[PDB]
Structures are given as C-alpha cells and as structure tokens.
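Chemist: Going down the list, the sequences are from chains A and B. To convert, note that position 163 of the first sequence is 163 in the numbering used here; the numbers rise steadily by one, no gaps. Throughout, the numbering used here is defined as the position within the second sequence, counted from one, plus 167.
There are 2 protein chains.
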Amino acid sequence: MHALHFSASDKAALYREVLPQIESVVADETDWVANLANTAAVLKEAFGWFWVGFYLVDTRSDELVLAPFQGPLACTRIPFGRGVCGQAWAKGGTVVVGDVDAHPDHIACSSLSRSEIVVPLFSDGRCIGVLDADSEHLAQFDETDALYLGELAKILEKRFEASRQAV
Amino acid sequence: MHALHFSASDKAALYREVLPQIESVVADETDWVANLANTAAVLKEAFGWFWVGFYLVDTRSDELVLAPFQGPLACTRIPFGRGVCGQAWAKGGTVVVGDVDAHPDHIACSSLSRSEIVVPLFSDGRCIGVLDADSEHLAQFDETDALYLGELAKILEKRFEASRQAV
Ligand SMILES: C[S@@](=O)CC[C@H](N)C(=O)O
Ligand SMILES: C[S@@](=O)CC[C@H](N)C(=O)O
Ligand SMILES: [Mg+2]
Ligand SMILES: [Mg+2]
Ligand SMILES: [Mg+2]
Ligand SMILES: [Mg+2]
Ligand SMILES: [Mg+2]
Ligand SMILES: [Mg+2]
Ligand SMILES: [Mg+2]
Ligand SMILES: [Mg+2]
Ligand SMILES: [Mg+2]
Numbered sequence: 001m002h003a004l005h006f007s008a009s010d011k012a013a014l015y016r017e018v019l020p021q022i023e024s025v026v027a028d029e030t031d032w033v034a035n036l037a038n039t040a041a042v043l044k045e046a047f048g049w050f051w052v053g054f055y056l057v058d059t060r061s062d063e064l065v066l067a068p069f070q071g072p073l074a075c076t077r078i079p080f081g082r083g084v085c086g087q088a089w090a091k092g093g094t095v096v097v098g099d100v101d102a103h104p105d106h107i108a109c110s111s112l113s114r115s116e117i118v119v120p121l122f123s124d125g126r127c128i129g130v131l132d133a134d135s136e137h138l139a140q141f142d143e144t145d146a147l148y149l150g151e152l153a154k155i156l157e158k159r160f161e162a163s164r165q166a167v
Numbered sequence: 168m169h170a171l172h173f174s175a176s177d178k179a180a181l182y183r184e185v186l187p188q189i190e191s192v193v194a195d196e197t198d199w200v201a202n203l204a205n206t207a208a209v210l211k212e213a214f215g216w217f218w219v220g221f222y223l224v225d226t227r228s229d230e231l232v233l234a235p236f237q238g239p240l241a242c243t244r245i246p247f248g249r250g251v252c253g254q255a256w257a258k259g260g261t262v263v264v265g266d267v268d269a270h271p272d273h274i275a276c277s278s279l280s281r282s283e284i285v286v287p288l289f290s291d292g293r294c295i296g297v298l299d300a301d302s303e304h305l306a307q308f309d310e311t312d313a314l315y316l317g318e319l320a321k322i323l324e325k326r327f328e329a330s331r332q333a334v
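1. Can you list every residue whose CB sits closer than 6 Å to some heavy atom of ligand 9, going in chain order?
2. Ignore the nearest five residues each way along the sequence and tell me which others in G265(B)'s own chain have a CB closer than 7 Å to its CB.
3. Cα-Cα, which of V18(A), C85(A), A46(A) and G48(A) is closest to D62(A)?
4. Return the first residue and the last residue of the beta strand (DSSP E) that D145(A) is part of.
5. Counting beta carbon pairs with one atom in the stretch 231-239 of chain B and one in the stretch 21-40 of chain A, are three or more of them shorter than 8 Å?
6. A234(B) CB to nearest chain A CB: under 8 Å?
7. Do three or more CB pairs link the stretch 141-159 of chain A to the stretch 180-193 of chain B at distances below 8 Å?
8. What are the uninterrupted segments assigned as beta strand (DSSP E) that are 3 or more residues long and contained completely in the stretch 240-302 of chain B, given in chain order?
9. By alpha-carbon positions, which one of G83(A), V95(A), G81(A) and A8(A) ends up nearest to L149(A)?
10. Can you pull the chain B residues whose beta carbon is under 7 Å from the beta carbon of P104(A), in chain order?
11. What's the C-alpha gap between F217(B) and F50(A)?
12. The beta strand (DSSP E) that contains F221(B), what's its start and end?
13. Can you list, in chain order, the residues of its chain with a C-beta nearer than 8 Å to that of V42(A)? Leave out the 5 residues immediately preceding and following it.
14. What residues sit near ligand 6, counting only those whose C-beta is closer than 5 Å to one of its heavy atoms, in chain order?
15. Tell me, please, which residues DSSP counts as bridged to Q237(B).
16. Could you pull the DSSP bridge partners for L203(B) from this structure?
See below:
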C-alpha cells in the first residue's frame, strides 16, 4: 500500500518531496478519476489548502465540470472564460491570484477563499481541465506554486493519456 | 451559490439537517462524479470523519475503483469480496465495523482508521459502487449511520439514473 512522507518545512522543498510521491501513486492506476482523487488527497494533506481539486472540460457545453477535490462544497459548472478557472482555460495558461476580492470576475463558490491558483491541463494542445487550489489566506500562492503545480500538470497529463489507452 | 448549514450537535439530528441539503445540491447537477464529489464534501464538512467517499464497480475487472473522496490517499482498487467494501458488495448490504481489528479481512489503506461503515449503491438490481466512511475513533458508526447513509444511498441512486438520461 502506498504511504506518503512529507518532512520539509519550506514550500519549495515540500513540493520537491511531494511531487515524486504523487508521480509514484498515479503511475500505479489507469483510471483518471481515481488518480485525480488521490492527487488531490496528497496535496490537501501536504499543504493544507482550504480547497484543492479539479474541473474537467465538457466539450458539449463549453463548461468546466467539477471532478475530485478536497475541501467544502463547490460549484459544479464554470463557463468558458468565467472565473479564475474559466480565465485560465481561455488564456491557455496558469493564473495566480493574490487577492480574489481584487481580481476581475472571480467566482466565489465559497465566501471563505482569499487567494487562488489555477493550472490548466492539456491533451493534444487542447485544454482538458484545470487544477484549482484556494486558500483562506491572502497571497498563499506564488511563482513557487506555479512552477511546481505546472510540473504536476505535466505528470497528470501523461496519466490522462494512459487512461484513454486503457479503454 | 449553494450553501450549507450545520447547527445540530447530535449525530442523528445532524443527519436530519444535512440529508435534505445534500438532496438539494445533487438535484441541480446531472454529472455523477460531480455529485459524488460534492456529497463527500458535505459529509466531510458536517461529520469530520477521517475518510469519506466512494468506490465504483468496474465490470471489466470485477473490482471497486476509487472515485471522489475526502481524507488521506487511498487504495485505488478493491477486489470483489475483499475488504469491508468488497464484502458489502458481495452481501448486497451495509456493513458496520466497530473495530477494524476484529473484522475479518479489513483492508487497511490507512494504518490510522479504527472503525468503518460501507453502504452499497444499486441500479437495475446490481451493485454500482459503495459509500465508505472511516474514523480514527472506535465505534464511530452505528445504527444511526446505517439508517441515514442508507437513505443517502437511495438519493444518490436516483442521481445515477438521472445521469444516464441527461442530455
Ligand atoms: C472551487 S471554486 O473556488 C472554483 C471557482 C473559482 N474560484 C473561479 O473563480 O473560477
Ligand atoms: C478508504 S479505505 O479504508 C477502503 C478499504 C476498506 N477499509 C475495506 O476494508 O474495504
Ligand atoms: Mg492513484
Ligand atoms: Mg480526493
Ligand atoms: Mg462541504
Ligand atoms: Mg448524477
Ligand atoms: Mg453537486
Ligand atoms: Mg470531494
Ligand atoms: Mg461479481
Ligand atoms: Mg463503528
Ligand atoms: Mg458517525
């Protein structure tokens, strides 16, 4: 059975400890939802963010649809271009928000969130979904999170491709 | 935005408070995984159990496959008939475990859980998955949990069927 150690006190060092563990945990499963669910579990345990999880693109509706996550209840559907999530999708790149109250068109599924980061995932150069993380603290996410969650996105993208191949 | 109230300080009273809120939240989405994810979130926030979430039957492999959940990372696959989860599937009914150490063939995905409840979900007669909840406390789950998580199971079953008819 897999088990996770994370000892490191500095943010960047904790990512360097956590990412290889995630890689190992998801290497062992083809099911995409299972892998997203365990990913978000590892992130929540390691970093303690208020909310962390995924939305996946629905090509039929041009909406992000809620997938696995840790934290309180969330909105199920985010239109293309709306919110930090829909902005990330539209831009094709990561969005870091130091103060959600000061950010344009943030969607507040929780009144409690104050900062956020959204990292898009791609297959064949099309966005398939986003990783979203939220904090109750202002400015919880910075370039360290963008770098390492971007690397995690790459690891997950490969698992998405494995999930398609496994059908 | 959907938004939850938990006042109740007694377990049974809290189920009575929370089940209608879950029913409302899941009524307004057809995607099965989104609904499971938000249900796990509501249960985790309301009851604070160590782990709460779902496994879904994979008919290709005769295994339960990890779906949305809250709590630490978990096993991705449980064979038919193995563990509390596989036993609930094989029995076609709820299994309540007061102490995972006296239970035959408990699967310990975390070393920290001490008590558990599994409630199966059905469609067209057959098991489609299970709700599993785990606690670090002994005997956290009793007849109140069996009753009300069984009613939750039926609420969810109706959403599974609605997911198949949605367009
Ligand atoms: C999980 S919840 O915070 C998702 C919506 C997001 N804040 C956004 O602005 O898109
Ligand atoms: C989430 S984890 O505890 C799942 C396995 C379960 N205890 C079982 O015995 O089937
Ligand atoms: Mg996994
Ligand atoms: Mg999860
Ligand atoms: Mg909640
Ligand atoms: Mg549904
Ligand atoms: Mg829902
Ligand atoms: Mg969840
Ligand atoms: Mg069978
Ligand atoms: Mg018990
Ligand atoms: Mg209980």
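Even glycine gets a Cβ: it sits at the ideal position worked out from N, Cα and C.
Modeler: The answer reads as follows:
1. This criterion selects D229(B) and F247(B).
2. Non-local C-beta neighbours of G265(B) in its own chain, meaning closer than 7 Å and more than five positions away in sequence, comprise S282, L305 and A306, ordered along the chain.
3. Checking every option, the nearest Cα to that of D62(A) belongs to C85(A).
4. It is not in any beta strand (DSSP E) - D145(A) instead sits in the alpha helix (DSSP H) that spans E143 to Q165.
5. Flag = yes, the stretch 21-40 of chain A and the stretch 231-239 of chain B touch.
6. Chain A contact via Cβ: present.
7. They do not touch, by the three-pair rule.
8. Listed in chain order, the complete beta strand (DSSP E) runs (minimum 3 residues) inside the stretch 240-302 of chain B are 244-246, 262-264, 282-290 and 293-302.
9. Checking every option, the nearest Cα to that of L149(A) belongs to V95(A).
10. Close to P104(A), with beta-carbon spacing below 7 Å, lies no residue of chain B; the smallest spacing is near 18 Å.
11. If I take the Cα positions, the gap works out to 16 Å.
12. For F221(B), the enclosing beta strand (DSSP E) has its first and last residue at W218 to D225.
13. Answer for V42(A): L4, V18, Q21, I22 and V25, listed in chain order.
14. Here the list is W199(B), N202(B), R326(B) and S330(B).
15. Note: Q237(B) sits in a beta bridge opposite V219(B).
16. Answer by DSSP bridge pairing: none, since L203(B) is not bridged.
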